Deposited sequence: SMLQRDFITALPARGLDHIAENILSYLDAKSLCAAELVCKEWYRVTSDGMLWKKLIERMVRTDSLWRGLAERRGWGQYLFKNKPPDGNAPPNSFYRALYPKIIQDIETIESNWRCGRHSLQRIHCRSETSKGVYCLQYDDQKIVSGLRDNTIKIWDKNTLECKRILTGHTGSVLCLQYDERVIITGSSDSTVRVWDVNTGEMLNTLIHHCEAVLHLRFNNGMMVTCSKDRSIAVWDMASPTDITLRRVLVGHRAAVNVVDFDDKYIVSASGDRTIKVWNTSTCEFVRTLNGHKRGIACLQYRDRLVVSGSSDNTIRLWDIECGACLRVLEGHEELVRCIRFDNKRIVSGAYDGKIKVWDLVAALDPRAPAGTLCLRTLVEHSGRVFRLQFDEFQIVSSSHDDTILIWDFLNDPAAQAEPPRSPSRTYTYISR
């Protein structure tokens, strides 16, 4: 048995180049630079193997930030041009990320403003967006679809007889809940109304759906769990009761359903069985907003604070103070929390810092963004932008790419 062996030279020598390439594909950028300088044959393996292309492709596959940049910058066209092109591109991508991250930290952004031009009752209660469109629910009882690029209104959907309080859409349907106590299902392409669910006794304040199931919740203090075999075949599976006031928000995944209420509590339910699991106590007033993913629950309350929670043990991991009014909407991703308040202000929080109990509280709010003139009802964001909507009847796109 030999003591040492040049794997990267030896493998191509026997006609096994791909194994050598596969070993090197595990290197981070800086180690791939090192490998290039080990010797001429190592360089040839990385170069003939298009390792820089493979490294950029691995990032696009594993990091939505890199995926988003590949599409937004246009170099994604070259993925899936010599090796040296990708090697020279890689630092430009790094610098691009750095400038984007700096823009977030420093609040540097451009701003687009849609005036919804509501004739009577002003305000946009809810919204969801993609690269093509913004779907928005309005206090004038309609859903307006806006072109993400031209900001023009492409479709108005009518049928609800009260405000459109909540909405979500996927590749097939839009589902909306309303002050008129109904849930409606719309075709995302044509807007045709496909179904109406009569069940709740009071305004439908929130809903979520995914993978053939939906959860709805209501001012009537109940939660409804639905099985959706199709847009037109939707059956009630269970009603969850136990909250003592309006249920303002619901989220779920395959493990748990999570509901929060004016009664100051968050409740956790088993998705498979619909059995109550536990109550999260701690907020001193009603809870207005919430998002749940993995093990993390983030909630916003009339007590002006944000709380972070572990779903399994129910522990509150962090209290976020700083908002001066009711925290009315909140979202998070892998890096940030973004929250909106009744005073029109939006705050960006450092989520990693917030989940580290060593970090001081004053370092947790990264930026305050002040461009709405009324209560912020809903927002959604990603690596590059925030889309927010307000009682002031506007939708804002905050863009941190330039």
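- The deposited sequence has C-alpha coordinates everywhere except the stretches 81-89, 412-432.
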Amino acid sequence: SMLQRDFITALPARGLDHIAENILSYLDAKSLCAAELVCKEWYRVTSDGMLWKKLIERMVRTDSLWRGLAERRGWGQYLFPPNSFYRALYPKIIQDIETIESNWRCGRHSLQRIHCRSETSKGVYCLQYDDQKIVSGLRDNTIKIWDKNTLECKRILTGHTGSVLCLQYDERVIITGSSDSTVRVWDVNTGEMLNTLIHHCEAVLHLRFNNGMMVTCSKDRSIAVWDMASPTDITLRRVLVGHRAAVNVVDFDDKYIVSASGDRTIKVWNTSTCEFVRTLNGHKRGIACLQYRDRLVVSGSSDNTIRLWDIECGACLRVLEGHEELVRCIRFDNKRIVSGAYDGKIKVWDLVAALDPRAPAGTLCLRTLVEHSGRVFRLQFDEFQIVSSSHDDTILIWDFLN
From here on, numbers count along this sequence of modelled residues.
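- In this crystal structure, the stretch out of 11-19 and 384-392 whose C-alpha atoms carry the higher mean B factor is 11-19.
- If you average the C-alpha B-factors over 95-103 and over 193-201, the higher value belongs to 95-103.
- Residue set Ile234, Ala246, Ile306, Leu138: peak C-alpha B-factor at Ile234 (per PDB entry).
- Note on the listed residues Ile287, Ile330, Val250, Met228: the highest Cα temperature factor in the record is that of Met228.
- Annotation for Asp310: C-alpha temperature factor in the middle third relative to the rest of the modelled chain, per the entry.
- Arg72: CA B factor lies in the highest third for its chain, per the PDB record.
- When all modelled residues of the chain are sorted by CA temperature factor, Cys365 is found within the middle third.
- Per the PDB record, residue ranking by Cα B-factor puts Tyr129 in the lowest third of the chain.
- Per the PDB record, residue ranking by Cα B-factor puts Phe80 in the highest third of the chain.
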